[PDB]
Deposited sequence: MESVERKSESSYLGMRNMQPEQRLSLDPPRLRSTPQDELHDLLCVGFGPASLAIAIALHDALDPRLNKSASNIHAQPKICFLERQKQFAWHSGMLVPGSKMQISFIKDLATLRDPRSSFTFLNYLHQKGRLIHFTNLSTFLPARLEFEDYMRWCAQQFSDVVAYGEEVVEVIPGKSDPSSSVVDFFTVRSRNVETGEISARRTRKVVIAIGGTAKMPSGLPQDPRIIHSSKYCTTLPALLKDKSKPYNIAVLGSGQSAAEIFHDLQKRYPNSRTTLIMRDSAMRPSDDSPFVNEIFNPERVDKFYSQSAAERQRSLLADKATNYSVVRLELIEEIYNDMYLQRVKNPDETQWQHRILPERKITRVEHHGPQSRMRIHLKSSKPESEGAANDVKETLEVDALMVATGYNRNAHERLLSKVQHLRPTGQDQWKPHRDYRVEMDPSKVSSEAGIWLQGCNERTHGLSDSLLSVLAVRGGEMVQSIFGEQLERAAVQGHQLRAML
């Protein structure tokens, strides 16, 4: 039973991981498993690797701003952080349930889709077992190249600088290898102005109740978007604020269901990463477009049906749609936001989305998705180590970015996780392949040491 011990800050690490979300957690789990002589017989002959995870949050949390009450996983629990790699792992969802005394009780639900609350707790339970090698409240701000021989022209380590979120102090740690697994940042439409009453979906549960404190007051609340987050928020607002008037604004004509049909869904199989990666740029782009309805701007059928039913019940009570407490406004775009008025309410102007009315609202929830380019800011000072004229980070199949072999030692490298959809497929940003990917990553990074034991 291996327990990963901490490395002193001042020592050269074998690996430093930026972020301790699901993607990094799955690597921590895979490494534990690779070192467990109960699962990997060769691990009897294997000194502990010097590893550290840096996480900006104060403790493990999973999209806490969107832990909407009643919200469910959109993925089978079998695709947890260990099972698809090894069902014998102690880090499986079912083993978690066993450890909690809930296994028989979950079984009686006959569901593959746990509440997001439950799956977060599963990952929290997993994450707590690595507390000795994780530094929370640490926001990585840059990765700097290092040379053990400064007079040479070869880079063989990296310095990772992080800011303490409480004290603001900068700490440095040196490592041979870096993983960047920082997820995404809130995507806001460029046309919207900054305002406390305009809030991205990622901050829904955490910041909206601070703005609208009275759950009984008749607030007007708009929601922009038509994907899963938009539908979840729109539906939740009606429960959370029973006397409110909610409006869903979308440029599309309707909410559309996610495609989870079994043949299409095979694009998410771990085996398929090889097939997707080995295609051309054009084929990968075309494939992404063809399968878009599996993940992007789509809503789970069950939720669409529930919302539609709520709308129909409003029709039963009142045939005049303009008098409905909760409304959906399709094929529309925001053209102007008035937010300097002495009123508590902003004034939102709407036009057709085809190439109209005015709304007075207390808050606008913006469910417009994420960008996954934040790693570029962290890596700006290592850009010069890329091969000449390359202005994009190119991840290999094993997620290690390409660098000039004559500038960077074979012992040093940087891996990207969760931002590689374009090269690795639609499963990249999701939970789908994390168990298997974690195992691949451990092989890629710690292969040499693991072979000496093997």
(Q) Please give the gaps, as residue ranges numbered from 1 in the deposited sequence, where no C-alpha is present. (A) 1-27, 74, 384-392, 492-501
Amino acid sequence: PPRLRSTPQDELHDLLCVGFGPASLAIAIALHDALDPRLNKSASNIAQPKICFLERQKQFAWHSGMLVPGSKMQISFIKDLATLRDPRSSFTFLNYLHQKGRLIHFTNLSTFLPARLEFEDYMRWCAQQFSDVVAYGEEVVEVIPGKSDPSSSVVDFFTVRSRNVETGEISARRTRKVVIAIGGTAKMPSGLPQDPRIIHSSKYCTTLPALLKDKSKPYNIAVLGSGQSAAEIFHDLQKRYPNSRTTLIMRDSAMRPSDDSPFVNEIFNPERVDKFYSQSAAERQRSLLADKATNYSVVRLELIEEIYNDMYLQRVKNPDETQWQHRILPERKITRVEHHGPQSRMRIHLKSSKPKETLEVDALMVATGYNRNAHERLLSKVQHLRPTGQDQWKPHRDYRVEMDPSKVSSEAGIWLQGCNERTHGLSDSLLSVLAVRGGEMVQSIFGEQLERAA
From here on, numbers count along this sequence of modelled residues.
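Just so we're on the same page, rigid core means the largest C-alpha set that superposes within 1.5 Å between forms.
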Q: Taking the root mean square of C-alpha distances over all structures and residues in 7 other deposited structures of this protein, with a rigid core superposition, name the larger of 225-233 and 336-344.
A: 336-344
Q. Is it true that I46 goes unbuilt in a third or more of the other compared entries of this protein?
A. yes
**Q.** Entry-level comparison of average CA B-factors, 332-340 and 92-100, reporting the higher stretch
**A.** 332-340
Q. Which has higher Cα B-factors on average according to the PDB entry: 318-326 or 187-195?
A. 187-195
Q) Among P262, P114, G225, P150, where is the Cα temperature factor highest, going by the PDB entry? A) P150
Q: Select one of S258, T206, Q128, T107: the residue whose C-alpha shows the highest B-factor in the crystal structure entry.
A: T206
Q.
Where does the C-alpha B-factor of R56 rank in its chain, lowest, middle or highest third?
A. middle
Q.
Looking at the temperature factor on the CA atom of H32, which third of the chain's modelled residues does it land in?
A. lowest
Q | Third of the chain, ranked by Cα B-factor, where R400 sits | A | lowest
Q: Would you mind ranking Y296 by its C-alpha B-factor against the rest of the chain and naming the third, lowest, middle or highest?
A: middle
Q: State the tercile, meaning the lowest, middle or highest third, of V179 with respect to the CA B-factors recorded for its chain.
A: lowest
